[PDB]
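Colleague: Residue numbers (the UniProt record's numbering), protein chains in the order written: chain A, 12 to 469; chain B, 12 to 469; chain C, 11 to 469; chain D, 12 to 469. Ideal Cβ placement from N, Cα and C applies to all residues, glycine included.
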Amino acid sequence: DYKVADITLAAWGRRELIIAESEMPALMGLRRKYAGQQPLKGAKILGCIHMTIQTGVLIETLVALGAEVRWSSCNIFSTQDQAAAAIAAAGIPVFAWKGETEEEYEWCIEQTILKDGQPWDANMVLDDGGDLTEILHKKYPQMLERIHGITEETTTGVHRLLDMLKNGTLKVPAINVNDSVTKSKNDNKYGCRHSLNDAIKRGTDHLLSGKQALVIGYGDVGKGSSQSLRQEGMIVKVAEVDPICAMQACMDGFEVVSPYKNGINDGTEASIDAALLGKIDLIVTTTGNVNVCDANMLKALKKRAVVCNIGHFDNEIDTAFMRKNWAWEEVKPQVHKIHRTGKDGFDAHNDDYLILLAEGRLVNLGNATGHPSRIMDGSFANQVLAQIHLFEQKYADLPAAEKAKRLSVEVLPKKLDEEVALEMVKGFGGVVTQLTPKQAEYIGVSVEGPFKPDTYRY
Amino acid sequence: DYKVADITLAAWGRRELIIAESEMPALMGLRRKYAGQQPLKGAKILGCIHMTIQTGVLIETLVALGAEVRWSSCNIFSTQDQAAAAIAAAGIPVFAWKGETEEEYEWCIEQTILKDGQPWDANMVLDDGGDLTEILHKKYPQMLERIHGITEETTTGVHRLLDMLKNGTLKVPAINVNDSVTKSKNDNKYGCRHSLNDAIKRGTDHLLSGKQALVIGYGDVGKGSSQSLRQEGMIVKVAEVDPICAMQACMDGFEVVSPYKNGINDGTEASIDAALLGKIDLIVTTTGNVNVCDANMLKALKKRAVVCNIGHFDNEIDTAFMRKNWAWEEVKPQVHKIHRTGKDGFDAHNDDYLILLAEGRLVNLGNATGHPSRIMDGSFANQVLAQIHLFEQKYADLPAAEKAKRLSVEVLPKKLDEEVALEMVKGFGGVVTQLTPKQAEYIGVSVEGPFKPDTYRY
Amino acid sequence: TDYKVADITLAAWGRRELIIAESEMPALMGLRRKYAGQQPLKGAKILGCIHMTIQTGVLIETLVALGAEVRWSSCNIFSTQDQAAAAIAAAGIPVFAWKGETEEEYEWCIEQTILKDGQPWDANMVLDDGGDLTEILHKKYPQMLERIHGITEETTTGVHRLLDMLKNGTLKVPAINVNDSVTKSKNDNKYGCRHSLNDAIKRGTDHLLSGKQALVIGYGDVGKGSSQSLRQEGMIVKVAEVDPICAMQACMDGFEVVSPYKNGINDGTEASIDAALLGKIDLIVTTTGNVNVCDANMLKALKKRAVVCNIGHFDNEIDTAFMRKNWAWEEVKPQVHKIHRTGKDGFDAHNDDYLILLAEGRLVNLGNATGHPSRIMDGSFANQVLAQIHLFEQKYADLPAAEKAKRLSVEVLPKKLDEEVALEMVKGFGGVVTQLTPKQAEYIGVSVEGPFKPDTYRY
Amino acid sequence: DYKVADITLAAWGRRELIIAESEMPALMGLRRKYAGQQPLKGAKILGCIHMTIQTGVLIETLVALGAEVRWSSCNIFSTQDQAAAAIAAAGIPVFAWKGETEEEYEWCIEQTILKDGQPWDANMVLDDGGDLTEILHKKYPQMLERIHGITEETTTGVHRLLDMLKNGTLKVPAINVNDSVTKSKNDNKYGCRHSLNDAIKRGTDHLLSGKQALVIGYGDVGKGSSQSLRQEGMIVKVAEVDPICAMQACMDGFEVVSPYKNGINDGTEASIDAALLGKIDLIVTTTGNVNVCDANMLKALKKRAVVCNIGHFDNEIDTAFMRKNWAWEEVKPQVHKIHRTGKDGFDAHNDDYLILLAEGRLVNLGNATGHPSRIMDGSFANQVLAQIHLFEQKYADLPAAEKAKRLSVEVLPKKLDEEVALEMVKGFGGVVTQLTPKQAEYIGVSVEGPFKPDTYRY
Ligand SMILES: NC(=O)c1ccc[n+]([C@@H]2O[C@H](COP(=O)([O-])OP(=O)(O)OC[C@H]3O[C@@H](n4cnc5c(N)ncnc54)[C@H](O)[C@@H]3O)[C@@H](O)[C@H]2O)c1
Ligand SMILES: NC(=O)c1ccc[n+]([C@@H]2O[C@H](COP(=O)([O-])OP(=O)(O)OC[C@H]3O[C@@H](n4cnc5c(N)ncnc54)[C@H](O)[C@@H]3O)[C@@H](O)[C@H]2O)c1
Ligand SMILES: NC(=O)c1ccc[n+]([C@@H]2O[C@H](COP(=O)([O-])OP(=O)(O)OC[C@H]3O[C@@H](n4cnc5c(N)ncnc54)[C@H](O)[C@@H]3O)[C@@H](O)[C@H]2O)c1
Ligand SMILES: NC(=O)c1ccc[n+]([C@@H]2O[C@H](COP(=O)([O-])OP(=O)(O)OC[C@H]3O[C@@H](n4cnc5c(N)ncnc54)[C@H](O)[C@@H]3O)[C@@H](O)[C@H]2O)c1
Ligand SMILES: Nc1ncnc2c1ncn2[C@@H]1O[C@H](CO)[C@@H](O)[C@H]1O
Ligand SMILES: [K+]
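1. Residue 476 of chain C CB to nearest chain A CB: under 8 angstroms?
2. So does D231 of chain D have its beta carbon nearer than 7 angstroms to some heavy atom of ligand 4?
3. I'd like to know if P254 of chain D contacts chain C, where contact means its C-beta is closer than 8 angstroms to some C-beta of that chain.
4. For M333 of chain C and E113 of chain C, what's the separation of their Cα atoms in angstroms?
5. Which whole-angstrom value is the C-beta distance of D190 of chain C and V422 of chain C, which I expect to be below 8 angstroms?
6. Indicate the three-state DSSP secondary structure (helix, strand or coil) for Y151 of chain A in the structure shown.
7. Going by beta-carbon coordinates alone, are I146 of chain C and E111 of chain C separated by less than 8 angstroms?
8. Kindly examine ligand 1 and report whether one of its heavy atoms sits closer than 7 angstroms to the Cβ of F106 of chain C.
9. Buried or exposed for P410 of chain C, please, with buried defined as at least 16 other CB atoms from any protein chain shown within 10 angstroms of its CB.
10. Can you list, in chain order, the residues of its chain whose CB lies under 8 angstroms from that of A285 of chain B, leaving out five sequence neighbours each side?
11. May I ask you to report which of helix, strand or coil DSSP gives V247 of chain A?
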């Protein structure tokens with residue numbers, strides 16, 4: 012049976028899916044080339060990726076390889092009704108309705124994995140966040156021995172596998188694709204460069220040329236934010252803590268500045284550089300840290316400045332300071348005014364206030380529609396290629412003598428990653444040059460790949 | 012005492028070094044921080060690196076902290092007479108010479124070690140070409156027994172050590188620093204981005220906005236090459252063989268094409284894409300390979316075109332095809348004219364002629380100045396710090412029970428590289444922020460660093 | 011008092027949009043203070059037809075503050091912002107504008123701007139855009155032009171039509187060409203589209219743009235901003251032009267120039283179109299203001315799934331009439347439609363050969379988005395409100411017949427007022443202007459506080 | 012006929028005159044687009060503009076259209092014999108060098124107008140700066156009744172021409188070329204975005220990525236300079252006296268600053284803002300006014316900063332307060348080192364000293380070759396056609412009534428300015444669209460042009 016808020020919405024879902032799947036050369040090429048080869052025949056997969064219409068393309072892809080699947084949603088908010096009814100109409104069971112209370116979802120966490128009222132024989136597992144990785148070890152250990160392997164994509168859940176490997180709890184092998192080149196370049200750096208100024212303009216509608224912005228942190232995401240601001244016409248300052256990253260910011264044309272005098276933070280009103288915070292119009296925070304934009308910074312900020320976060324979650328900006336002594340007023344669904352004059356009794360025509368986007372949380376998913384389709388394609392294409400390599404190995408059928416040595420946490424091989432990238436090149440219409448036999452020997456590389464060492468920094 | 016051509020030029024040399032010292036913060040900062048401690052007192056070092064004012068500054072800051080050194084040359088050709096005099100008149104022996112001749116290094120090497128016809132007491136080596144390692148191992152076996160360590164800068168020479176470590180021939184620990192972040196990002200990427208268009212606009216004195224350009228290979232050198240050309244105003248095409256690099260090049264705003272139909276390199280003129288080559292005029296070869304540009308692209312290229320090589324040797328462009336049928340003419344110190352008609356019938360008004368910038372060899376070192384001093388500064392401070400890290404161990408004074416555990420090729424630890432980068436960031440006027448304790452345990456990194464793991468790509 | 015807008019419920023939302031907006035326009039809000047006790051526009055009457063965005067609210071508020079009487083209506087089919095029009099109506103201005111209109115509705119709304127209780131009210135001034143409002147008053151209802159002091163024109167496509175009437179002698183009242191000021195030509199036409207074009211493209215269809223190819227028709231003042239908007243994102247752009255000088259400038263900025271027809275000559279057959287390049291183009295944009303710059307033989311040769319959009323002022327740029335008679339249309343969302351090629355009256359749900367069209371080929375950045383930002387629109391609106399005062403003083407209809415024929419022409423404002431606007435517009439960003447020593451002014455040849463460039467200077 | 016020097020010339024530059032003329036699309040394209048018939052058979056012209064390798068091509072172009080102009084050299088520099096001996100070898104007399112009579116080269120002028128003692132018959136004049144134009148009124152007025160018109164190429168000279176028209180002394184109509192739109196944008200803007208940074212690097216070999224700059228003025232030269240510095244990664248600031256140019260600077264991604272507090276200059280040491288000045292690493296002068304470098308900023312400037320000039324007038328930098336009161340040194344044949352120690356007596360180890368790159372003059376002349384060919388080629392093509400247009404009116408051969416009303420000074424018409432833009436577009440390989448008669452009617456323009464009104468500001 013299916014649990015979708017409404018089923019009649021499938022008519023719109025298919026119309027939406029047909030155009031969207033036209034934008035994804037990688038999954039289409041995977042469908043085209045492995046026609047007849049059917050490497051997924053006889054494989055039954057259990058999956059938990061978030062139910063967006065994007066993943067419907069993948070779900071239709073790998074089944075076109077000859078695989079039967081069962082499905083659910085990992086997060087209680089990451090779902091779409093029109094796609095959910097679409098898969099329900101297709102035939103694959105779904106429980107991706109939006110309960111938004113987390114009590115109905117806790118009642119159905121095991122409803123998805125049970126066939127009817129008992130466990131059953133499943134072959135491969137594809138998860139998101141490791142929530143299902145906990146389940147088959149702790150709830151129903153019996154079906155563990157038949158699992159060939161696990162694919163998971165998250166860097167906060169891979170640590171769980173890493174520190175259960177040492178404890179000897181991990182029963183069947185796992186694979187990680189987050190640390191690969193294509194996913195790391197596409198998800199982190201690009202997309203943000205494409206969506207940050209979309210989010211700022213879709214919500215505020217202000218001009219950006221000729222103004223001043225401060226960006227804290229210069230990682231992969233910090234670079235994507237710095238590029239998206241300059242190309243619109245702003246002048247950008249970077250605050251960094253790692254000396255090596257700060258060296259790149261200077262050589263790319265930025266002013267490295269510290270909002271504390273001499274770079275020391277003493278937690279006092281006099282530790283701040285008041286000549287800097289009183290001149291800047293926009294602040295963007297790009298760290299996975301805590302309290303990088305503290306209380307003393309904002310009191311020195313110029314009036315009418317815009318605050319937005321793209322980092323981890325609601326810790327970089329002291330938003331808890333806001334609800335204690337400053338008032339909040341609403342403009343639109345996710346733009347607010349914070350009034351510095353007092354907790355209540357504020358006035359519309361006031362001069363000292365602040366502009367906040369997405370009330371602290373991530374904005375490029377809040378004040379816009381997020382990553383496009385050409386980008387969330389090679390991230391997905393690598394994962395389905397995890398299944399093929401992991402299914403052929405036949406972990407469960409191995410006898411106990413050699414079974415022990417293949418229980419490991421490894422990285423996605425580089426040769427596989429060169430095949431997702433080849434289809435994006437052909438998706439853009441590009442042509443890749445072939446190596447003559449005499450030529451490839453000089454590099455000391457196979458004609459088909461891989462071309463680069465394991466330590467190479469792309 | 013000395014083999015410099017003229018001792019008298021030392022005053023002019025010193026005049027040059029005095030100004031050159033102004034543009035190297037990293038070397039200067041070392042002297043301020045480590046005064047009074049005098050870490051290098053008692054050390055005796057040999058050197059072999061090529062000579063200039065820059066390495067003269069490096070030697071002066073080396074001897075400032077208390078070391079005694081002897082010095083020589085690594086490259087046969089490159090010579091800097093006035094700086095060599097400037098040091099030979101400082102009281103430090105230098106044995107460089109002019110003549111550009113190989114037969115005298117039989118005596119040039121032996122004069123580096125022989126103090127008075129006898130082996131001299133040594134503690135470190137600062138070899139560059141790896142030739143001192145060879146003489147050290149194969150000659151004077153009784154003397155190398157007290158050497159603490161070795162620092163090398165080149166990947167083509169660290170291989171000769173990494174292959175011999177498995178064989179047990181290596182007798183002293185070494186450090187490879189070419190894989191350090193500062194060394195890799197400064198040299199490969201930023202120097203060429205600074206000097207490519209300068210070399211072009213000196214050699215040709217043309218204009219570059221609104222023209223057709225092709226860049227073959229998309230490595231770090233080629234990643235920094237196209238940036239220098241897109242700023243001037245060129246429409247630039249990119250060719251590549253590694254799919255992931257091409258997938259980057261598409262996402263940087265370049266069109267990816269190949270000179271062969273569908274990419275298959277048959278060998279006959281029937282396979283050359285005649286339409287694409289017919290409107291390009293500037294070529295910059297990036298790859299370190301063989302015949303990446305064979306005869307049929309130069310036989311089919313547009314009528315007027317200039318050739319630029321930034322690779323490593325004389326194998327990227329078929330320059331030996333030139334010498335047998337297409338004649339040459341000199342117009343300026345290094346710019347040549349190549350007429351695609353024959354070796355007879357030279358004419359002065361011909362339209363079908365091509366242009367080489369450095370007769371096929373690398374053009375940056377031939378037609379221009381090379382890297383600026385500021386970039387070259389940070390390449391040397393790591394070699395400074397490596398000597399300290401090797402001197403702090405006292406490898407030769409450890410018991411023979413433990414000496415068997417130290418013959419290794421390790422990389423430079425991250426902390427030293429961060430300290431080198433900090434002295435740069437203070438040179439531009441940037442200020443690096445300091446972490447409070449309550450933010451340090453959040454990541455899992457101490458307040459002093461290093462902040463990134465070993466596997467991180469910057 | 012009376013109004014017909016999409017809704018009144020959205021009155022609050024527009025206001026908060028405006029209070030922020032008022033703080034982004036230093037130059038216009040300056041005149042609201044300088045001429046506070048001095049009220050030059052007392053007893054004036056205006057009827058205007060401009061895009062009803064969030065900026066056009068502040069201009070109405072300004073004119074009301076200086077004592078004007080306003081009856082206003084929108085200018086285009088898809089241009090109004092239904093929260094911005096609600097506030098102006100809610101304040102008391104009779105206004106008639108909504109979204110998704112038709113040519114039947116387009117002409118009705120203007121028809122209420124002139125008529126009141128059926129009676130044509132005595133209008134002293136007109137604020138027109140695109141020449142539409144001019145044409146009715148001249149061809150219809152001649153009684154109005156014998157009591158009109160002046161009219162103000164803002165777009166370059168209506169200026170052409172207005173100088174067209176002078177040569178024929180059918181023009182009755184003088185006008186100020188507000189479009190030729192520097193704070194209008196080189197501030198709005200160039201930078202405005204740079205901020206809004208690639209915004210509007212991304213909100214409508216939402217594709218990644220880095221790494222695709224596009225074609226741009228026209229390298230005028232709008233063309234430059236358009237090309238920069240595309241290039242800064244990652245596109246591989248080409249420009250097509252009929253003017254040699256603008257073509258040379260396009261070559262100098264790092265672009266390549268091509269033409270849709272072989273050798274450049276447009277015979278009219280299918281054998282003149284070059285399908286070599288049209289078969290790899292994912293985007294075409296019209297910036298011409300002319301007719302038939304994208305004809306029927308071009309659309310047939312186009313690569314599948316390509317995108318088309320227009321930023322001129324009319325529908326004549328692309329030959330739409332072929333599409334709506336030969337090919338079937340399907341809607342995927344507002345202002346975006348799908349046209350299935352080779353299908354006269356039907357289409358499969360899995361078809362591969364089709365095209366996509368943004369807002370049916372009308373003004374896309376204003377129909378598929380919210381238009382230019384507030385800060386750029388400060389100079390031109392200041393020029394407009396300033397030009398209202400200059401004509402309102404001469405009292406054209408009160409002059410005698412001898413003095414009547416000496417005031418009939420078209421002109422542009424003097425440079426000093428432009429510089430005064432530019433100063434207050436600069437001061438907002440945080441710049442500091444440096445005054446000249448009494449020796450420096452004499453050396454250069456200008457006054458210390460006077461004009462600094464002659465009128466021939468092009469900037 | 013040879014009068015500049017010895018022949019001295021066989022292959023000392025004549026070779027690269029070929030690449031020079033091939034570089035220039037329009038000046039050579041007209042040569043064959045208006046060949047076949049020769050409209051200029053009988054135009055006897057004289058005077059000078061320059062004498063370079065790029066200046067000898069115009070004379071040959073005129074001759075190919077049938078003219079027989081007589082030439083000589085002028086202006087500040089006349090050592091460029093690498094092309095002068097070629098012109099003399101072509102059969103027309105020319106004068107470049109002289110007996111060091113830079114104060115008075117009028118003796119050369121007497122050798123040009125005269126043929127056999129009797130003055131040479133002429134009907135047209137081609138002048139640079141007017142020192143030769145006055146001669147046909149002050150010294151030899153009897154020849155002028157044969158003149159059809161004159162051409163002038165200077166911004167100061169047109170002022171004197173308009174003054175002469177205000178007076179009555181004008182006796183021949185004259186045409187102006189500086190108003191050509193293809194000349195205004197090329198020589199002003201495009202010529203300094205290619206040459207400023209190249210010259211800076213050529214004379215200093217410095218790194219600019221990360222340093223901070225100040226540029227005074229935002230005219231057309233300023234617009235070129237700002238792009239030429241920004242594209243290299245510097246942080247650029249802008250200063251201006253025109254509010255409109257400042258407005259334009261605000262929206263191009265630059266910041267507006269003022270060397271004087273509140274912008275009010277009064278000569279006091281208390282009104283200047285030394286804090287801003289103590290951080291600027293470079294100042295470039297772009298105006299044409301007086302005292303943009305007062306003696307006070309040279310006192311408050313940061314140590315070891317760079318000062319540059321690209322303007323025309325030398326009172327921009329207070330050089331008189333520098334060549335007095337302070338000591339000077341020469342680093343290299345074009346760069347100088349000036350000490351702020353005091354009157355005299357300096358040790359070469361100090362921290363306060365500045366640097367001048369051409370000593371107050373234009374840096375694109377001394378430290379660089381200058382405007383490349385493809386920019387200043389657009390300038391000359393306005394000259395041959397200007398001769399063509401004035402030759403078909405026959406000003407002298409009109410009766411008295413027509414001659415009185417034809418004495419008028421006008422710019423070159425718009426129709427001729429697009430016939431030069433066509434030939435430069437066609438050079439890079441582009442194609443220009445042709446309009447249909449139905450389209451031509453709708454706009455209001457004939458299919459042959461001109462296409463835009465005269466008050467249009469491109
Ligand atoms: N919203 C999105 O679309 C999105 C996408 C990818 C990642 N993320 C999130 O981004 C976060 C980090 O980005 P990343 O993955 O590029 O990480 P990263 O580690 O590569 O970058 C973090 C940088 O911040 C610096 N930093 C740390 N503490 C700082 C401080 N107090 N002040 C200044 N700089 C400081 C670090 O030195 C480092 O350079 C993660 O939490 C990740 O979940 C969000
Ligand atoms: N001039 C300088 O300043 C300087 C500095 C550093 C290195 N180098 C030299 O540059 C050379 C190459 O640069 P790198 O070290 O960054 O290279 P790299 O190792 O980063 O990669 C070389 C690139 O060439 C591509 N490639 C290989 N064969 C190809 C072929 N036949 N056709 C097309 N592409 C092909 C590879 O895919 C790769 O992208 C080296 O040999 C090095 O010695 C020069
Ligand atoms: N949407 C907006 O914000 C906005 C703003 C101002 C003006 N406009 C509109 O822009 C249009 C004109 O733009 P402008 O102000 O830059 O005027 P413009 O005259 O400077 O530009 C028109 C350009 O089109 C070129 N052109 C004409 N026929 C052509 C052809 N067949 N092929 C190629 N190019 C051709 C002309 O040579 C000229 O360069 C008008 O329709 C006007 O209403 C829109
Ligand atoms: N070196 C060359 O190749 C070259 C070429 C052409 C012109 N020039 C010379 O360059 C100079 C300017 O060139 P242009 O015509 O592009 O400039 P411009 O005439 O267009 O503008 C010069 C600017 O100087 C500004 N200015 C004047 N006094 C000022 C002050 N005290 N502070 C700040 N700004 C001030 C003015 O506002 C003006 O914008 C002229 O002297 C001209 O002769 C040199
Ligand atoms: N937001 C806006 N509100 C009103 N008019 C606008 C806006 N954006 C652009 N315009 C003007 O609309 C006209 C379109 O032809 C141009 O004159 C342009 O300046
Ligand atoms: K808007």
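Modeller: In brief:
1. Because chain C here runs from 11 to 469, residue 476 of chain C falls outside it and cannot be looked at.
2. yes
3. So yes, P254 of chain D belongs to the interface.
4. 19 angstroms
5. 5 angstroms
6. In the structure shown, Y151 of chain A falls within a coil segment according to DSSP collapsed to helix, strand and coil.
7. no
8. no
9. Burial call: exposed.
10. Cβ within range, chain order: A311.
11. strand
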